[PDB]
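In the form deposited in one PDB entry, a lone chain appears below as structure tokens.
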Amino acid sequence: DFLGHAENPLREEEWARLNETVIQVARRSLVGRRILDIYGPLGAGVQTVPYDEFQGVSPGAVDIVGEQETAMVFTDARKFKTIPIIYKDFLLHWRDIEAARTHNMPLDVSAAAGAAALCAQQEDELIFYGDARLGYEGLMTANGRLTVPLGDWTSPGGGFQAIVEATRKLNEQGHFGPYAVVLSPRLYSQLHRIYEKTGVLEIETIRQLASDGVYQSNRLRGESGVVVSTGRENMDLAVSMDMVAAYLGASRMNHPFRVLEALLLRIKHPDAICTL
């Protein structure tokens, strides 16, 4: 019982409820997975993934006899990068578990939801701004990033001008694709104005421009945003382990857990990103 260092203090139903709470909170609060493809669950043992980095676009060939060399040069010391662990710990009191077994019954997993939300915010912080001490580049910090100025979004139409300048600069690097826009909550809120006066709310015009979506991230600092050309060849998310709760063993008769995932953002084409 609670006296004793028992592994698995939770029943199977409580484990299922804990896990599905983690999944729902993560699906509610992850913006990076909306705009990025997943390379796929590699398994938790995969700790390192290839980091292929392409510097220019090499287009396809059209000819009668296909004798044109049309591959990327694939030279200069193909990099690998370590998949980090993104995690947050939460705590269950043992008397709540003992209450769940005898006295007032439903085991509250709100600390699991809070830790899942913080692990999701850490994943989005890793996707957008990277990690300096582990040497990870985010979307907002990638070296070679095609940045446009962010000019005067307090008037309606400034957002449309910024996004068409961003997509024009992305067009110049051969990234013509369906765009995604992620903005800070200030910039996203300023797009929700019907005072565009050529129509309708400005975010509808941006949503026609992007076509993969316009998003808030509260990880985006200040007035800032990013337009990406989506697709697996430009960037993806190497997820070796999707988000899961793990028991840590009892510490002070209480039960700590870790909501964790293991994923890395792979920016293959840094010129497919344009910020502000």
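A residue's number is simply how far along the shown sequence it sits, counting from 1. Between two forms, the rigid core is defined as the largest C-alpha subset superposing within 1.5 Å.
Just so you know, the form deposited in another entry exists too; it's not on screen, but the next bit is about it.
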After fitting the core, residue 87 CA displacement of 2 Å or more between this form and the one not shown | no
Core-superposed C-alpha of residue 102 shifting 2 Å or more between this form and the one not shown = yes
Verify the C-alpha shift of residue 58 between this form and the one not shown: is it 2 Å or more after superposing the core?
-> yes
Working note: in that other deposited form the C-alpha atoms of residue 72 and residue 52, off by 3 Å or more, come farther
In that other deposited form the CA atoms of residue 268 and residue 77, compared with here and shifted by at least 3 Å, lie closer
